[PDB]
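Engineer: following this: a sequence and the matching experimental structure.
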Amino acid sequence: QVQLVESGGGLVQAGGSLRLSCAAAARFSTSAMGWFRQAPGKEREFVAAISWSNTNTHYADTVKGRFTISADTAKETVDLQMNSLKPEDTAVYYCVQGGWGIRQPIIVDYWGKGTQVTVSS
Amino acid sequence: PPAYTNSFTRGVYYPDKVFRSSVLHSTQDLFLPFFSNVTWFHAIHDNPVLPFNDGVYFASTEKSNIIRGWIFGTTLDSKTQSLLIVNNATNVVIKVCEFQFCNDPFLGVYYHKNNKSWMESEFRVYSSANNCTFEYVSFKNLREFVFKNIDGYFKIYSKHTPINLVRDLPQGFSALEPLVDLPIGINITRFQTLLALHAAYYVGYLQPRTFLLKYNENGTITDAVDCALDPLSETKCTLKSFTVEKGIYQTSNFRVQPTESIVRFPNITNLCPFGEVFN
Amino acid sequence: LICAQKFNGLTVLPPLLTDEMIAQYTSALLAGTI
Amino acid sequence: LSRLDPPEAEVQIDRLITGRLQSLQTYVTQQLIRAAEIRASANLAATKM
Amino acid sequence: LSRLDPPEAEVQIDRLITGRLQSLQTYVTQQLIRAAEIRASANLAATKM
Amino acid sequence: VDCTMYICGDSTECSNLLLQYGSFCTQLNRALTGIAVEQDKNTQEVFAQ
Amino acid sequence: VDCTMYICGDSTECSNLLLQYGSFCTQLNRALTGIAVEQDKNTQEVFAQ
Amino acid sequence: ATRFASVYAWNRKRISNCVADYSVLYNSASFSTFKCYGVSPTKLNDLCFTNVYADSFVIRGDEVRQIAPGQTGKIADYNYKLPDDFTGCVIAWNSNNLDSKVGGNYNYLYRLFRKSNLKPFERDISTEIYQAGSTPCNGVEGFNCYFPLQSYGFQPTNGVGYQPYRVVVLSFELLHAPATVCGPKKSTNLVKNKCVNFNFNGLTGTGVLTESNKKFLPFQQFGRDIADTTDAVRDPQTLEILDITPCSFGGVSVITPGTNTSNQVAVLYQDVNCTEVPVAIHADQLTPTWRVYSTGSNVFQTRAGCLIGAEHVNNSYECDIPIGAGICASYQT
Amino acid sequence: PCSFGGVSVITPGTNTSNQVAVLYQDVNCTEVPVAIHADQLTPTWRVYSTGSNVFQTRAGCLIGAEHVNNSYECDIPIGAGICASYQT
Ligand SMILES: *[C@@H]1O[C@H](CO)[C@@H](O[C@@H]2O[C@H](CO)[C@@H](O)[C@H](O)[C@H]2NC(C)=O)[C@H](O)[C@H]1NC(C)=O
Ligand SMILES: *[C@@H]1O[C@H](CO)[C@@H](O[C@@H]2O[C@H](CO)[C@@H](O)[C@H](O)[C@H]2NC(C)=O)[C@H](O)[C@H]1NC(C)=O
Ligand SMILES: *[C@@H]1O[C@H](CO)[C@@H](O)[C@H](O)[C@H]1NC(C)=O
Ligand SMILES: *[C@@H]1O[C@H](CO)[C@@H](O)[C@H](O)[C@H]1NC(C)=O
Ligand SMILES: *[C@@H]1O[C@H](CO)[C@@H](O)[C@H](O)[C@H]1NC(C)=O
Ligand SMILES: *[C@@H]1O[C@H](CO)[C@@H](O)[C@H](O)[C@H]1NC(C)=O
Ligand SMILES: *[C@@H]1O[C@H](CO)[C@@H](O)[C@H](O)[C@H]1NC(C)=O
Ligand SMILES: *[C@@H]1O[C@H](CO)[C@@H](O)[C@H](O)[C@H]1NC(C)=O
Ligand SMILES: *[C@@H]1O[C@H](CO)[C@@H](O)[C@H](O)[C@H]1NC(C)=O
Ligand SMILES: *[C@@H]1O[C@H](CO)[C@@H](O)[C@H](O)[C@H]1NC(C)=O
Ligand SMILES: *[C@@H]1O[C@H](CO)[C@@H](O)[C@H](O)[C@H]1NC(C)=O
């Protein structure tokens, strides 16, 4: 059990922008971060991943080019900004901490409590 | 009984690897006090274990390498790793394993033995290794050693000097160049050596003294002064010079402190009028 | 402690009158007096 | 400076600067007194010359 | 005093007082040295007269 | 003695903090230069007669 | 004047804190001893002639 | 190693007195999995570890995700457990070439039912056979009478992911004692006779490194002077001694007659050879005026330093502007 | 004030001899052995902190020197008109 703080999510208007933040007591510079989303009718799917140096950004090709992920070492948090919101964003989002792996897109070691995101048009 | 012999001015070691030339350096570190007492050992016609304390100074004078290893520990109860050092065949062996000990452990040697009394393969001393956490894979002469465990580091300094003398010990100076500084991280309180009998080694203890070490062009310590030895040594330390000119020099100040404390208050006192209440 | 005085901003400005000049002045004074 | 954050580095540097400035001021005052003594000695030497 | 609260103002004016007192002490020491030099010069002038 | 170098060793932050203190460095440098010139004048007066 | 005693009155903590400052106490003691020696020399030279 | 221990008896070894040279295996990338948790191979430089525990075994890759702390599932509670605070790197590579052949292998034995959870750092060795006390048989292989271990087999039909993988878990330990073993760090070439910020084995300083004839001792590493300031360093890469000197620091003085006479001036750099004058933070200032005095035909090397803008003359006259060391500057002629 | 003073070492040039004497400022020759002494090297400090050759001058307590009725030229200035010399 790791206490992780999630901020943002909630209900947002469709077509706007959304802000998410995940904070952990452990350092974020030394550990890669990832954002995953699960919704009814679908299993775990890759959404976003950032490496230790904040230079390697990975996203699904179908949604790539709209999500910007940053890591603040002073605040020890990871922030995610979403533009051009769509109904598919209505899901539960988990922030995962771990390391980079060549085999898998991201290595998961510590999971997050989760945040509910809903989109209204 | 255990005879005590003067330590003279031995036990000086380089405090650090820093190099200094033709300068007298004042350093506050553990050192063997000058003209201290050491335990002389004799065997003619009572084998305790000397406490390690903070730092230990060892000295041996032998011509047949009777002493070849040391053991350091705190309980030797098979619950904590015991440090063991062996020096044989120009090879050094360091172990931190735990093994059972016989009732009267001691090294055994034989003279003019074709098979060397076996023991080279059986080694029926202990059962097996269970808690090994370290490994190391490779009156003619006097050996001096200094072992100190400070801030989780076990520092061993040593110096081997060949001397052509059998009457008494040499009244000379010789610094102990460092050998090793291991990150053992264990705290030692007792130590023991190995001897063969059926035996002349000295042991001393260090104190947090302040020393003045003299350096030469080649960066090797030649002479040292113990500031606390005598008033002349303190004057030399204050002047930081081995030569003191005629005159009067101020060294320090002396203060007397209270024993524990003293408090004074009125005795008996004005008692409350409880007589009319209780009685 | 003479040649080691250059480590951390300390500088020893050169003497304006070199020892040769002072020796010459003293020699001139001696010759005049004699 | 590198091993501590600016909030503490500022106060530590202020303390170090104050100490070093006090030491330098003491050294300068001692040098001024010694220079006055040397000037008196040099005046006496000039009078003797 | 107006911008900061009494607690922070205490330390701020304490620092200002320390700095100004150090400057004044340095000025007084320099003045004393110069006064000693001027006294020596005046004694020389009195002897010359 | 270079006041900036002694107080601060090639440190921009320390240099700025020392600058905030005032003109202590200039006064110290002026005093040292005056002392050096005083030695020069003493030598000249003693020998250049 | 005993610098350690005057600054710290039989206090271990104050002495430990002063030890970090440096050699101020030694310098002050040396200056006082030099002053005393200078007074003795002045008396000797003025009288023992 | 020719022989490998069983999966339930993963071989544990201790590595110390050395540093893992991940650089050689970085570019090669021979192994197919370098899963590091909370750390990356490139970022291990900013961290030091004293000793390593290597647990070598052969497992199935598909289970790597399953065997993790905090997993919600009954299956993961009977296979293996690890502490939540884990800082170990799992290096796994396929070995079907040698560990697989025709007919398969039946060398894998596991446990389905255990007495209780495996206590950490607990060992149980005994030849006694445990028999259930509820419905023991004692004469037949009946109910509640089965072999303690169960055989597990992998067949060729299994995919590459399901094929066995040789896996070594390297867990780096951290103790209260200061770190003593650190990963290799790139070292720049050796330069001399020029100002540089030298970091020798953690000793940081600034100065000019030059060849030295000083004779150190085998144990001696650093050097010092009367003022306990660094003066010489023994480079770990090669056996030699390099001195340290203040870079250039000096002062600049302007020599000029009264402005009524002329505006011509000369520059004096204190106790510095004229070779280092132009490189002394110049060339970023006014070209027509300053850089003329930075370097020119008329340069003199006096004991005081370097003088630019004056011509040394055979004739000797009375001192006009005192420069020092018996040298003075005059504007006449 | 309890005892506070200062300790000075009077000695000729080390070439002449290594013998030295101790001087405790403004203290009677009775409290010197108890002024945090008797915890140093016994053969040297514990013998210089007490014993014979003890003198009580206006400056303080001098140990290691023998008072002489005869007067000579001052060699080492102890103070209060008292000076120490090595020659006899
Ligand atoms: C066997 O060795 C292990 C590990 O080497 C011991 O367990 C730890 O040992 C280290 C020694 O460096 C101690 O600092 C730890 O406190 C020990 N952990 C625990 C939980 O005790 C183990 O104690 C050793 N066993 C015996 C019988 O000595
Ligand atoms: C101690 O140092 C001195 C000088 O630092 C050494 O003398 C040098 O000896 C070598 C011969 O091996 C000569 O080539 C050098 O020229 C000598 N130095 C000088 C400055 O001339 C001496 O050998 C060292 N060891 C001692 C003195 O035992
Ligand atoms: C050492 O023991 C001898 C025993 O005769 C004793 O005379 C001497 O004073 C002792 N050393 C010290 C420093 O007390
Ligand atoms: C030495 O040991 C060998 C080994 O068996 C044995 O054959 C030989 O007899 C022994 N030599 C003796 C006992 O002198
Ligand atoms: C020695 O070190 C161990 C390790 O922390 C500690 O538990 C023990 O108390 C130490 N010994 C003593 C006497 O304090
Ligand atoms: C009270 O105690 C003091 C001891 O400090 C003693 O001298 C005194 O006699 C006591 N009072 C009476 C009345 O005895
Ligand atoms: C009687 O009163 C006195 C007070 O005057 C008290 O000290 C005493 O204890 C009383 N007697 C009894 C028996 O309580
Ligand atoms: C200053 O300028 C005037 C011309 O206005 C000139 O006569 C005088 O000589 C100059 N001063 C010096 C010192 O040359
Ligand atoms: C001194 O005179 C010689 C001979 O004419 C000349 O070569 C030299 O350059 C003169 N000195 C300088 C500094 O020019
Ligand atoms: C220093 O020692 C030499 C050698 O014995 C001696 O001749 C000289 O007199 C000594 N110096 C003094 C001041 O006594
Ligand atoms: C000589 O000095 C002693 C002290 O040691 C003193 O007792 C004696 O009275 C003195 N001589 C005379 C004649 O007073």
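Structural biologist: Arrived safely. Numbering: from 1, shown residues only, chains lettered A, B, ... in the order given. Ligands and ions are numbered 1, 2, ... in the order given.
Engineer: the helix or strand harbouring residue B:59 packs against which elements?
Structural biologist: Under the criterion DSSP states H and E, the helix or strand holding residue B:59 is strand B:55-62. For strand B:55-62, the packing partners by 3 or more C-beta pairs under 8 Å, 6 or more residues apart in numbering or on different chains; DSSP states H and E come out as strand B:141-150, strand B:201-205. Bear in mind the C-beta positions are built from the backbone N, C-alpha and C, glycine included.
Engineer: compile those into a markdown table and extend it with columns for distance to residue H:70 and mean neighbour count.
Structural biologist: Compiled in a markdown table, these are given as follows (distance: least, C-beta to C-beta, whole Å; neighbours: other C-beta atoms under 10 Å in any protein chain shown):
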| stretch | distance to residue H:70 | mean neighbour count |
| --- | --- | --- |
| strand B:141-150 | 41 | 20 |
| strand B:201-205 | 53 | 19 |
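Engineer: which bits of chain A sit near ligand 1?
Structural biologist: Neighbours of ligand 1 within chain A, by C-beta under 6 Å from any ligand atom: none found.
Engineer: re the thing from before, need the helices and strands packed on strand B:55-62 in a markdown table with distance to ligand 10, can you?
Structural biologist: Listed next are the helices and strands packed on strand B:55-62 as a markdown table, based on distance: least, C-beta to the nearest ligand atom, whole Å:
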| stretch | distance to ligand 10 |
| --- | --- |
| strand B:141-150 | 32 |
| strand B:201-205 | 34 |
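Engineer: any idea which of the ones you listed gets closest to chain A?
Structural biologist: Proximity to chain A (C-beta to the nearest C-beta) singles out strand B:141-150 among the helices and strands packed on strand B:55-62, at 31.9 Å.
Engineer: how far out from the middle of the chain is that closest one?
Structural biologist: On the basis of C-alpha atoms, centre = their mean, to the nearest Å, strand B:141-150 sits 6 Å off its chain's mean C-alpha point.
Engineer: and the angle for that strand with strand B:201-205?
Structural biologist: Taking axes from the mean of the first three to the mean of the last three C-alpha atoms, to 10 degrees, one finds strand B:141-150 and strand B:201-205 inclined to each other by 30 degrees.
Engineer: thinking again about what came up before, how about the strand holding residue B:59: buried residues?
Structural biologist: Buried residues in strand B:55-62, counting neighbours by 16 or more other C-beta atoms under 10 Å in any protein chain shown, are found at B:55, B:56, B:57, B:58, B:59, B:60, B:61.
Engineer: coming back round to it: dump the helices and strands packed on strand B:55-62 into CSV; add distance to residue I:4 as well.
Structural biologist: Converted to CSV, the helices and strands packed on strand B:55-62 look like this (distance: least, C-beta to C-beta, whole Å):
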stretch, distance to residue I:4
strand B:141-150, 35
strand B:201-205, 33
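Engineer: between these, which one is nearest to residue H:67?
Structural biologist: strand B:141-150 (40.5 Å; C-beta to C-beta).
Engineer: what comes up buried for the very next helix or strand once past the closest one?
Structural biologist: Under the assignment DSSP H and E, the closest C-terminal helix or strand after strand B:141-150 is strand B:153-162. Within strand B:153-162, the residues that qualify as buried are B:154, B:155, B:156, B:157, B:158, B:159, counting by 16+ other C-beta under 10 Å.
Engineer: and the residue of chain B nearest chain E?
Structural biologist: Nearest residue of chain B to chain E: residue B:250, at 27.4 Å (C-beta to the nearest C-beta).
Engineer: could you give the number of residues near the closest residue in space to that residue that isn't next to it in sequence?
Structural biologist: Setting aside the residues directly before and after it, residue B:250 is nearest to residue I:8 in space (C-beta to C-beta, 6 or more residues apart in numbering or on different chains), at 4.9 Å. Per other C-beta atoms under 10 Å in any protein chain shown, the neighbour tally for residue I:8 reads 23.
Engineer: now do the phi/psi pair for residue I:8.
Structural biologist: phi -120, psi 150 (degrees, to the nearest 10).
Engineer: got a list of what it touches?
Structural biologist: B:248, B:249, B:250, B:251, I:22, I:23, I:25 (C-beta atoms under 8 Å, 6 or more residues apart in numbering or on different chains).
Engineer: can you check residue B:102 too?
Structural biologist: Going by C-beta under 8 Å, 6+ apart, residue B:102 touches residue B:125.
Engineer: what about it, which SS state?
Structural biologist: coil (DSSP: H, G, I helix; E, B strand; the rest coil).
Engineer: quickly note the distance from the residue nearest to residue B:250 to residue B:190.
Structural biologist: 44 Å (C-beta to C-beta, to the nearest Å).
Engineer: residue of chain F with the smallest distance to ligand 3?
Structural biologist: The minimum distance from chain F to ligand 3, using C-beta to the nearest ligand atom, falls at residue F:6 (46.9 Å).
Engineer: now the stretch 151-279 of chain B
Structural biologist: residue B:229 (10.5 Å).
Engineer: pretty sure that residue is touching residue I:41, no?
Structural biologist: Yes: with contacts counted by C-beta atoms under 8 Å, residue B:229 reaches residue I:41, the gap being 5.5 Å.
Engineer: so what sits against both of the two?
Structural biologist: With C-beta under 8 Å, 6+ apart, residue B:229 and residue I:41 have common neighbours B:33, B:34, B:35.
Engineer: now those as JSON lines including neighbour count?
Structural biologist: Shown next, in JSON lines, are the shared contacts of residue B:229 and residue I:41 (neighbours: other C-beta atoms under 10 Å in any protein chain shown):
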{"residue": "B:33", "neighbour count": "20"}
{"residue": "B:34", "neighbour count": "23"}
{"residue": "B:35", "neighbour count": "16"}
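Engineer: out of the residues you listed, the closest to residue I:68 would be?
Structural biologist: Nearest member of the shared contacts of residue B:229 and residue I:41 to residue I:68, counting by C-beta to C-beta, is residue B:35, at 31.8 Å.
Engineer: now name the helix or strand holding the closest one.
Structural biologist: With DSSP H and E as the test, residue B:35 turns up in no helix or strand.
Engineer: for the spatially closest residue to residue B:155 that is not a sequence neighbour, what are its contacts?
Structural biologist: Counting by C-beta to C-beta, 6+ apart, residue B:181 is the residue found nearest to residue B:155 once chain neighbours are left out, at 4.7 Å. The contact partners of residue B:181, taken as C-beta under 8 Å, 6+ apart, are B:153, B:154, B:155, B:156.
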